[PDB]
């Protein structure tokens, strides 16, 4: 039984787009917390089109902001044309979300979001996901600091784990990194091999696993240059690298009124606190929404027969422990005042390197109280 997860670096075309989308969002929320943002980005060859709907009192040069994401990766003013066709939000959607009564907020769209957690890691995330991110996250750190030279930002990881026996085993770690023409392969493979082992030993896993380093054998042309990138085409890499289910919504470039995002975060927060409360080893939460309605239309809790108390009492504890009003859980998770660029890379979930509201175990003591009466 082999389960596999993937991640992509800051220089991946899709992740360039996700970063530019959240960077524009962050710049909007800083000035106007009441601003509606649905920012999509196409990066095709040397053309970057910034698009979507934005209504805001904020002054934002969308193009200037794109260049600030792009120079670090590190392209210059000669590398791209960057044009904006950014429109305004539909007044038809706005009337349904922003009520006349100032006290409810209605769902930004219809949709289904999944929240997942498990006890396999301190991050309460599947091992394969954590290892795939941490690998690229360490490589990108060394590239910016020049501890790992003659590599560029574009890169991918795939970590396969053999779950046959109850103690997990690393089967394969795969890495593709964009490199310079004049790289030393010895140096390159040693650097990658060392990072792969340092990471395996961190989660005290076997160290003898198969290492697949630049399997294509040439990776100089990266980024959008041969290629295409769009906002929200890495939604499984943003979440639970499979292991969990997904409803289809992308996160980057969307303000908190888009339930696709804020409800997904809210769902992560329940799942994580349920497993942290030791009520289950794995927990998946499905939430469904209707456009303009203030509360979820349907909710499903699945503990995968890893529940350590009665399944039914877990459903009750959650209903008693969490407010499901959309304006309320948005304020509770402080989504108006959270910077989203940091989660545009290396996953939205299990960020022990960040301090995200939806990762805090501040509901464990309420779930324990409400599972018993």
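Residue numbers count along the first chain shown, from 1.
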Quiz item: Comparing 255 to 263 with 100 to 108, where is the mean C-alpha B-factor higher?
Solution: 100 to 108
Quiz item: If you average the CA temperature factors over each stretch, which comes out higher, 271 to 279 or 161 to 169?
Solution: 161 to 169
Exercise. Name the one of 125, 82, 212, 250 with the greatest CA B-factor according to the PDB entry.
Key: 212
Quiz item: Which is it among 232, 115, 223, 242: the one with the largest CA B-factor in the entry?
Solution: 242
Quiz item: Of the three thirds of its chain by CA temperature factor, lowest, middle or highest, which one includes residue 36?
Solution: middle
Quiz item: If you rank the chain by CA B-factor, which third does residue 68 end up in: lowest, middle or highest?
Solution: lowest
Quiz item: How does residue 321 rank on Cα B-factor within its chain, lowest, middle or highest third?
Solution: middle
Self-check item: Chain-relative CA temperature factor third for residue 29
Solution: middle
Quiz item: Relative to the other modelled residues in the chain, which third contains the C-alpha temperature factor of residue 47: lowest, middle or highest?
Solution: lowest
